[PDB]
Amino acid sequence: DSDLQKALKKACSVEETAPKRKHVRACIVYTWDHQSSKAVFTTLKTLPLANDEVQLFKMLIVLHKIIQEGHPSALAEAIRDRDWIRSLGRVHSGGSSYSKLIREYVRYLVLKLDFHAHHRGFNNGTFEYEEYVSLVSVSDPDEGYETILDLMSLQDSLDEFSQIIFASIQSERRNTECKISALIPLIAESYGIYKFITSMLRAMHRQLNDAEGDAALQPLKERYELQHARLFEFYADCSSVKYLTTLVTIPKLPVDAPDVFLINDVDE
Amino acid sequence: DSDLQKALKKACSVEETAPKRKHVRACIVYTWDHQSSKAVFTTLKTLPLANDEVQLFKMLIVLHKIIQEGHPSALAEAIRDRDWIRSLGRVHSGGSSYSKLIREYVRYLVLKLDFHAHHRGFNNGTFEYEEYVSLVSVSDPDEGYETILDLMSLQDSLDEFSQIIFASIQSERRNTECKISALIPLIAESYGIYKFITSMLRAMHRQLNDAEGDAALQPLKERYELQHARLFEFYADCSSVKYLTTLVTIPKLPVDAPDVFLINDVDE
Amino acid sequence: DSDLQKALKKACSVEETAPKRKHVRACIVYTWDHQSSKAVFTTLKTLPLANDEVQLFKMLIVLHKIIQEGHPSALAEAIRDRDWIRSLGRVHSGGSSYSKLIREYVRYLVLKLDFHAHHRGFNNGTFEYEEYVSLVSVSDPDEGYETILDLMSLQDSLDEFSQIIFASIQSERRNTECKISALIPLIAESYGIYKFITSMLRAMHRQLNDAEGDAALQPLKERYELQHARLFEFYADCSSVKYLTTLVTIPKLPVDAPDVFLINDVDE
Amino acid sequence: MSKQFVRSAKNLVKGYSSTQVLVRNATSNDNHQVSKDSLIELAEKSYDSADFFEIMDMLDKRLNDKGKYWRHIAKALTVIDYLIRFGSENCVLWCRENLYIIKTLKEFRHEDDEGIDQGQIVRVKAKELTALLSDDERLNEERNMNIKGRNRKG
Amino acid sequence: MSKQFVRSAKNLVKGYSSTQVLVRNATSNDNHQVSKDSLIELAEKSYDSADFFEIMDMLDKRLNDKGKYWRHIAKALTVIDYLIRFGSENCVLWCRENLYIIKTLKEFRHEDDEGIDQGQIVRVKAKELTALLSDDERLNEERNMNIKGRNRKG
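- As recorded in the PDB entry, chain D goes by ENTH DOMAIN OF EPSIN ENT1 and comes from Saccharomyces cerevisiae.
- According to its PDB record, this entry is titled "Cryo-EM structure of helical ANTH and ENTH tubules on PI(4,5)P2-containing membranes".

- The PDB entry lists chain A under the name ANTH DOMAIN OF ENDOCYTIC ADAPTOR SLA2, from Saccharomyces cerevisiae.

Observations concerning the overall build of chain D
Here is step 1: Scanning chain D from terminus to terminus reveals nine helices and zero strands.
Here is step 2: From first element to last, N terminus to C terminus, chain D shows the α and β order α-α-α-α-α-α-α-α-α.
Here is step 3: Over its C-alpha atoms chain D spans a radius of gyration of 16 Å, differing by no more than 12% from the 15 Å that the globule rule assigns to 154 residues.
Here is step 4: Over its C-alpha atoms, taken along the principal directions, chain D stretches across nearly 45 × 35 × 25 Å.
Here is step 5: Chain D carries 27 positive and 25 negative side-chain charges, and their two centres are separated by 3 Å.

Description of the packing of helix α1 (residues 2-11) of chain A against helix α2 (residues 21-29) of chain A
Residue and element names in this part refer to chain A.
Here is step 1: Interhelical geometry of α1 versus α2 gives an angle of 145° and a closest axis separation of 9 Å. By crossing handedness, the relation of α1 to α2 is classed as left-handed. Facing α1, whose interface residues are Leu4, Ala7, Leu8, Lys10 and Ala11, α2 presents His23, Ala26 and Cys27.
Here is step 2: A breakdown of the residues in the contact of α1 with α2 according to their chemical character gives six nonpolar, one polar and one charged.

Structural notes on the interface of chain D and chain C
Here is step 1: Listed as interface residues are 14 residues of chain D and, on the opposing side, 15 residues of chain C.
Here is step 2: Both sides together, the interface formed by chain D and chain C hides about 1400 Å², and carbon and sulfur atoms give 48% of it.
Here is step 3: Sorting the residues of chain D by area buried against chain C places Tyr100, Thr104 and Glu107 of chain D first, and these three jointly supply 48% of that buried surface.
Here is step 4: Residue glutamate 107 of chain D is joined to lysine 65 of chain C by a salt bridge in which the shortest nitrogen-to-oxygen separation is 3.9 Å.
Here is step 5: Of the residues belonging to the side of chain D that touches chain C, the class tally is five nonpolar, three polar and six charged.

A short note on the environment of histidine 72 of chain D
All names here are of chain D.
Here is step 1: Take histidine 72: it is sitting in helix α5 (residues 71-85).
Here is step 2: In this structure the C-alpha to C-alpha distance between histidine 72 and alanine 126, which are 54 residues apart in sequence, comes to 14 Å.
Here is step 3: Discounting chain neighbours no more than four positions away, the residues touching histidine 72 are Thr27, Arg62 and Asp65.
Here is step 4: There is a polar contact of 3.1 Å between the side chain of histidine 72 and the side chain of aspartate 65.

What about the packing of aromatic side chains?
The relation between two aromatic rings is expressed through the spacing of the ring centres and the mutual angle of the planes.
Here is step 1: Considering all chains together, one arrives at 21 aromatic pairs over all chains under this definition.
Here is step 2: Members of the aromatic cluster, connected to one another through ring pairs, are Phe57, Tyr105, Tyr108 and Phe161 of chain A.
Here is step 3: The residue whose ring lies beneath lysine 20 of chain C is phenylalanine 108 of chain D, and the NZ or CZ to ring-centre distance is 3.9 Å.
Here is step 4: In this structure, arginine 25 of chain C packs its charged tip against the face of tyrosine 100 of chain D, placed 3.8 Å from the ring centre.

Topic: empty space enclosed by the protein
Here is step 1: By volume, the largest cavity is sized at about 380 Å³.
Here is step 2: The dominant element in the lining of the largest cavity, judged by the number of residues it contributes, is helix α9 (residues 136-153) of chain D, at five residues.

Remarks on a nonpolar patch on the surface
Residue and element names in this part refer to chain A.
Here is step 1: Among the surface-exposed residues, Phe127, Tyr132 and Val133 lie close enough to one another that they form a single nonpolar patch of about 430 Å² accessible area.
Here is step 2: Take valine 133: it is sitting in the loop between α7 (96-118) and α8 (141-165).
Here is step 3: A relative accessible area of 46% places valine 133 in the partly exposed class.

Structural notes on the arrangement of the chains
Here is step 1: For the six pairs of chains in contact, the maximum contact count is reached by chains C and D.
Here is step 2: Taking C-alpha atoms as the reference, chain B and chain C come no closer than 28 Å and do not contact one another.
Here is step 3: The closest approach of any C-alpha atom in chain B to one in chain E is 37 Å; the two make no contact.

A word on the pattern of salt bridges
Here is step 1: For the coordinates displayed, the defined rule picks out 35 salt bridges over all chains.
Here is step 2: Note that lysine 45 of chain C is salt-bridged to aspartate 81 of chain C, the shortest N-O span being 2.8 Å. Placement of the pair is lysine 45 of chain C in helix α3 (residues 39-46) and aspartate 81 of chain C in the loop between α6 (72-77) and α7 (96-118), with a sequence separation of 36 residues.
Here is step 3: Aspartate 81 of chain C gets classed as partly exposed once you look at its relative accessible area, which sits at 36%.
Here is step 4: Put simply, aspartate 136 of chain E and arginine 96 of chain E hold a salt bridge, and the shortest N to O gap is 3.8 Å.

Section: the environment of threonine 43 of chain B
Residue and element names in this part refer to chain B.
Here is step 1: Tracing the backbone shows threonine 43 in helix α3 (residues 39-46).
Here is step 2: Taking relative accessible area as the criterion, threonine 43 reaches 14% and is therefore assigned buried.
Here is step 3: Between the C-alpha atoms of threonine 43 and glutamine 5, which are 38 residues apart in sequence, the distance is 8.1 Å.

Here we look at the environment of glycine 213 of chain C
All names here are of chain C.
Here is step 1: Tracing the sequence through the fold places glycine 213 in the loop between α10 (183-204) and α11 (218-240).
Here is step 2: For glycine 213, a relative accessible area of 32% puts it in the partly exposed group.
Here is step 3: Between the C-alpha atoms of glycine 213 and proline 141, which are 72 residues apart in sequence, the distance is 6.0 Å.

Considerations on the side chain of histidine 64 of chain B
All names here are of chain B.
Here is step 1: Within the element layout of this structure, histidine 64 appears in helix α5 (residues 63-66).
Here is step 2: Side-chain polar atoms of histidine 64 contact the backbone oxygen of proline 185, separated by 3.1 Å.
Here is step 3: With residues up to four places along the chain from it excluded, the contact list for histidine 64 reads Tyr108, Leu109, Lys112, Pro185, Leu186 and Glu189.

Some thoughts on the interface of chain D and chain B
Here is step 1: The interface is formed by eight residues belonging to chain D together with 14 residues belonging to chain B.
Here is step 2: The contact between chain D and chain B buries some 1000 Å² in all, and 45% of this surface belongs to carbon and sulfur atoms.
Here is step 3: Taken as a group, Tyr47, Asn151 and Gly154 of chain D account for 52% of the area that chain D buries against chain B, more than any other trio of residues on that side.
Here is step 4: Along the contact surface separating chain D from chain B lie zero salt bridges.
Here is step 5: Counting across the interface, chain D meets chain B through five residue pairs in polar contact.
Here is step 6: No other element matches α9 of chain D, which puts three residues into the side of chain D that touches chain B.
Here is step 7: Looking at the side of chain D that touches chain B residue by residue, the classes come out as two nonpolar, four polar and two charged.

Considerations on helix α8 (residues 141-165) of chain C
Residue and element names in this part refer to chain C.
Here is step 1: If you check α8, its first and last C-alpha atoms are 38 Å apart, about what 25 residues at 1.5 Å a residue would give, namely 36 Å.
Here is step 2: If you check the start of α8, you find a side-chain oxygen 2.9 Å away from the backbone N of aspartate 142, and it comes from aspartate 140.
Here is step 3: Directly beyond the C-terminal end of α8, a positive phi value near 70° is found at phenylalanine 166.

Details of the side chain of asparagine 151 of chain D
Here is step 1: Here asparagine 151 of chain D shows up in helix α9.
Here is step 2: Once residues lying within four places of it in the same chain are set aside, the contact partners of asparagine 151 of chain D are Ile165, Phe166, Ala167 and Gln170 of chain B.

Concerning a negative patch on the surface
Here is step 1: The grouping of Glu16 and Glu177 of chain C together with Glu111, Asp113, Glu114 and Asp117 of chain D at the surface amounts to a negative patch.
Here is step 2: Inspection of the secondary structure assignment puts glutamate 16 of chain C in the loop between α1 (2-11) and α2 (21-29).
Here is step 3: Assessed through its relative accessible area of 48%, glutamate 16 of chain C is described here as partly exposed.

Here is what the cut-offs are and how they apply
- Residues numbered from 1 in each chain as written, not as in the entry; some residues may be left out.
- Chains lettered and ligands numbered in written order.
- Part of a larger assembly, values for the part shown.
- Heavy atoms only, no water.
- Helix = DSSP H or I, 4+ residues; strand = E, 2+ residues; numbered from the N terminus.
- Rg over C-alpha atoms; globule rule 2.2 N^0.38 Å.
- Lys, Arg positive; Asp, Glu negative; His and termini not counted.
- Charge placed at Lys NZ, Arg CZ, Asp CG, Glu CD.
- Axes fitted to C-alpha atoms, helices over the stretch in contact; angles between N-to-C directions.
- Left-handed = near helix turned anticlockwise from the far one by under 90°.
- Contact = heavy atoms within 4.5 Å.
- Nonpolar A, V, L, I, M, F, W, Y, C, P; charged D, E, K, R; others polar.
- Buried area = accessible area lost by both parts, 1.4 Å probe.
- Salt bridge = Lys/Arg side-chain N within 4 Å of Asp/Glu carboxyl O.
- Polar contact = N/O pair within 3.5 Å; in protein donor to acceptor, adjacent residues only side chain to side chain.
- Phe/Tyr/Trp six-rings, centres within 6.5 Å; stacked < 30°, edge-to-face > 60°.
- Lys NZ or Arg CZ within 6 Å of the ring centre and 35° of its normal.
- 1 Å grid on protein atoms, 1.4 Å probe; cavity = no way out; pocket = protein on both sides within 12 Å on 5 of 7 lines; lining within 4 Å.
- Points joined across faces, edges and corners; volume = space filled by probe spheres on them.
- Patch = residues over 30% accessible without salt bridge, like charges linked within 9 Å, V, L, I, M, F, W, Y side chains within 5 Å.
- Areas by Shrake-Rupley, 256 points an atom, 1.4 Å probe, with all protein chains shown as cover.
- Buried < 20%, exposed > 50% of the residue type's maximum accessible area, 1.4 Å probe, protein only.
- Expected span 1.5 Å × (residues − 1).

This is the structure in structure tokens:
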């Protein structure tokens, strides 16, 4: 417990560049362990309370990794406490790029914490073709309508995220090591959300006869379909914007679309 | 606005001893003024956000003075923002006396902010014999039941305040300039609350025929009467405890009691 | 996984005296952890395979601690593999004390592994007055008859253990550091088994009306009652035998007996 | 007598905290045992995180040190026990979570150099420490006695 | 280790009896405690007048010796206690008459030189010795156990 906390202090420190990935493991391993699962999250409460947005910026990139990989119990940890990062409302920083980005970025993560309030079960990491480990494609009709609507609120927030920044990202408003570090988890999640929803549809149309709730499907698909055009423009502009051309920074969206709409309306 | 903010910075600074009372005036005058009434309260949000409980301790003694004297609009200022001083939950400090006192003291003031949520109108400073300026003794029967019940929650919190400290106050757990500074406003309010309630009863029994709501009076008086014994012991113990023997630190409670119970039950 | 295995190698080594208890923790912590729970038990298969009964003697004292404290999943680990320590059948060693003790001691632990085959749930560590965490006093009537009968086979093995040694223990046939090290877990378990059974009876007689299976109780109690006399003589002789007078080496058995028989027959 | 002045000088040069000095002072080279009054001062000043986490960490490390340092092991257990009774609420809350770790400090065998079981004194003192922590209800009762007792006086 | 060989050499020159050598051997300079097996040999050979009277007289004198010799006091009480249980009939009969004298060995305070209460270990061991001798019936029961127990084996 004490030795594990020391690893967090060294890794999540003020060193401009991104932390060592190997050091992150030892910190983010202690979560499936049913020994305590508290000491890790204790230090992640007093530090966001601080006013500075330098250490806090790098603090919110580790949570974004643990939430996309770790057990869903980790998500449940920061639910019993209603307050998370709301104290960052109304703040003032040096450059205009800082505060303008923080004010919206801080609320994007709040939605991710609110994601567990409704869906609870782990979503971002349950394969594409699986029934047992996945709790989305084979959920209750009531839960199925809720888990998709929750993902919509998170997906639409990506457009809202770029709204306050305008155009898309702008390298001029994102030219530091701390800022570019937090861009990768946002994109990896964005493509993840896009993947796990359309992957459900691949299993949904297959399992139509063995189900009970056809009415609560078409509105979910229709709303998600319109988001494609919004997401295509998001990355098309990002591609034009000068940035590191990594697979995790600019994935390819257009893959499932013409053979999804037609096959779904047949059931209705 | 800018010059007025400078007065706050100099007065509310880390200088151990209490601030200059003359300097406080210029800061607490700007409240009846309908020019802005914002710049004063802006600086009282980012500073309580800090983790240290030294500057924060002296910060919460000025608000206690302005709330007992200023316009009720000042109370209305910190209502639109739901968050006030809740961030101080779960903290750790040097001596045991600090955290044990802060955890309850921070919630005592929250109740004072919640006081405006129900009663709204100014209570702690409306004379003892007045009808026009007072909005308690001549309020609606619905408001009358609410304004007293709200004062009960504040009055009972005084017993809760001494519960976590035990015995009463203990000079050993209150032997610094910052701690003794915050004791005076707590006592002045405690005697104030006790005064403005029993003063209402002096006018209540006088105005019985010219009213409409006899049923919603006896439960209010009965509950308040039992608090007398709790309050008598509070100051009786405080008198024994070694502390500055000032009128504002140890007022005399027993004055209205035997000629209040008998005269009220006649109406029923 | 690799670093944890190194702790086992250093602790469970040939150093005559007992290993460091602090070092044992790090090894026996990795069991509630749902990361792998395999690498720990892998090294505990190739080492018992060896013919020497010196390192093996100290190897079987750690398992006796982890089985009385750890999660019941640890017990489930060595069930899928039918073979455990049967290879030690028909062996030959230096002194007569060694082989005569090993041949029976090796089978005593086999029964402990066979304990999980029937009862499965954790028995040796579920408090004396608890319903939720305990799975003995509030089990199915079919399971209740099985869990007690299994404990009987383990309890009777204690008498069988001392049978091949005769008298009781004999310090002359137990005068080495390795031999006295394995005596403490055997006794701690012996008193544990005696405790958790009679503790169930304390809750059993309380919960008679709220149950369904009175017939399958009297035979369980009657058989367990006769074992008291056998157990009393076991420790009475042990007390006479010169050995370390520790609470964990010679607990006091006679505590629940006259106020147990009479209260149970009333229900019948 | 003479080694004490030298030990204190080394601590001042390095610049250890107030807690680390008192812990090192308790683990003295001399044969004389630690005082009970010194345990009271530590118990009262064991609330802060910066102090408490250091106190628990140091005393745990004092249990090993080296083969020769046997006095440093016995004195550590004496301090830990008193920090549970008259310590603070934060002491108990942390010990409750770390009870799983503290529990494994009973079978502490050791041999310095010549051939004298120095862990005999350690084993006895540690046995009492584990016995008190094993009973959760007993710990709660001790808290009420120290809290109310302190309030009775002041 | 080295002082033991020198001590034994001095005894041979003076020419002490077999009992006096074993008593002096029990009161060794080394920190290691006396063995229990050595107490058995003394108990069996504590029948004769020439041996018994010397054993009781020497061990009584070992309690004082000098300020520095503190180990010589604790070891003496260990030997005396065992000579009552598994000793002989003559041991008990003499101790019964001299019980009036032996009784006054409870409040034995002492301070060597520096300032360490060495009599703390002495007081505890002596307390048990007086407790056993105080009960006459208990002594009689112990005799039967040792006599019959010896006859059981041979």
